[PDB]
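Chains A and B are the protein sequences, given in the same order.
Counting along the first sequence from 1, when you hit position 1 you're at 5 in the numbering used here, and nothing is skipped either side.
Counting along the second sequence from 1, when you hit position 25 you're at 26 in the numbering used here, and nothing is skipped either side.
This report refers to the structure that appears directly beneath it.
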Amino acid sequence: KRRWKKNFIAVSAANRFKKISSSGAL
Amino acid sequence: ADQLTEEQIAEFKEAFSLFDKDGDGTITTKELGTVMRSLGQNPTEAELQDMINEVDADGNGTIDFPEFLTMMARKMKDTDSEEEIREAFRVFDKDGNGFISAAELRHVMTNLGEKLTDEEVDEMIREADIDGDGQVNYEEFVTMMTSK
Ligand SMILES: [Ca+2]
Ligand SMILES: [Ca+2]
Ligand SMILES: [Ca+2]
Ligand SMILES: [Ca+2]
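Following this line, the structure appears as structure tokens:
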């Protein structure tokens, strides 16, 4: 009921979206 | 034989109610730009659309419920990339990196706009700091939110 879950997950949604960019060389 | 529970739909549902500061309940470019911009960024526009297709299985410009779980469920094999969770870690820590502080998190917890403060967070860090050293380390963090 009270944890860092919904919190970490949320940021994960926006962080993953960003990481989806590229993050790769050749 | 217990997937008939509700704790699941309730967890993901909570993420949206908190993320979708609007009401639609979907991660879009306008919802992403807003929140993302609140953190301290401002990417171009064409860059966003690219961030949508690279994840919009269907193609409604915005991911809803089935699409969300599909992106977190449909796991294409495995690459052993823990960079994701890692970043989320470096994020919480705005200054030094290795432990979470009340004041530090408070600022990163106020950015949102729910109803937290110093006292409440205290109960979150205290209960999370099983050891009780004073702050939250990486262990109690990777031990409490461990992938069951
Ligand atoms: Ca929204
Ligand atoms: Ca869609
Ligand atoms: Ca830190
Ligand atoms: Ca500790």
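Ideal Cβ placement from N, Cα and C applies to all residues, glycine included.
Rounded C-alpha distance that separates residue i from residue j
i	j	result
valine 56/B	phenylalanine 66/B	13 Å
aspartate 23/B	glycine 133/B	38 Å
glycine 135/B	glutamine 50/B	43 Å
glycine 34/B	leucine 5/B	35 Å
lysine 149/B	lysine 76/B	16 Å
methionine 125/B	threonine 144/B	15 Å
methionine 52/B	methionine 110/B	26 Å
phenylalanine 13/B	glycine 97/B	31 Å
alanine 74/B	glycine 114/B	29 Å
Proximity to residue i [Cα-Cα], best of the options
i	options	result
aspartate 59/B	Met72/B, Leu49/B, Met37/B and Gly41/B	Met72/B
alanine 14/A	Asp3/B, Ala2/B and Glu32/B	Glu32/B
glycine 41/B	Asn54/B, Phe17/B, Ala16/B and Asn112/B	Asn112/B
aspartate 25/B	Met37/B, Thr63/B and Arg38/B	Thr63/B
Residue i Cβ short of 7 Å to ligand 1 heavy atom set
i	result
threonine 45/B	no
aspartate 21/B	yes
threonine 30/B	no
CB-CB length for residue i against residue j, believed under 8 Å
i	j	result
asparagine 138/B	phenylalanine 100/B	6 Å
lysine 10/A	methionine 146/B	At roughly 12 Å, the Cβ-Cβ gap does not stay under 8 Å, so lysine 10/A and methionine 146/B are not in contact.
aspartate 21/B	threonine 27/B	7 Å
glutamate 48/B	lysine 23/A	Going by Cβ atoms, the distance from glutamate 48/B to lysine 23/A rounds to 13 Å, so no, they are not a contact pair.
Any non-hydrogen atom of ligand 4 within 7 Å of residue i CB
i	result
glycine 24/B	no
Distance cut-off 7 Å: residue i Cβ against heavy atoms of ligand 3
i	result
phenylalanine 21/A	no
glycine 34/B	no
How about the segment 88 to 96 of chain B and the segment 12 to 29 of chain A: do they share at least three Cβ pairs that are nearer than 8 Å? Because the criterion of three Cβ pairs below 8 Å is met, the segment 88 to 96 of chain B and the segment 12 to 29 of chain A touch.
Does the segment 22 to 29 of chain A touch the segment 8 to 23 of chain B, meaning 3 or more C-beta pairs lie closer than 8 Å? Inter-segment contact for the segment 8 to 23 of chain B and the segment 22 to 29 of chain A is absent: fewer than three beta-carbon pairs are separated by less than 8 Å.
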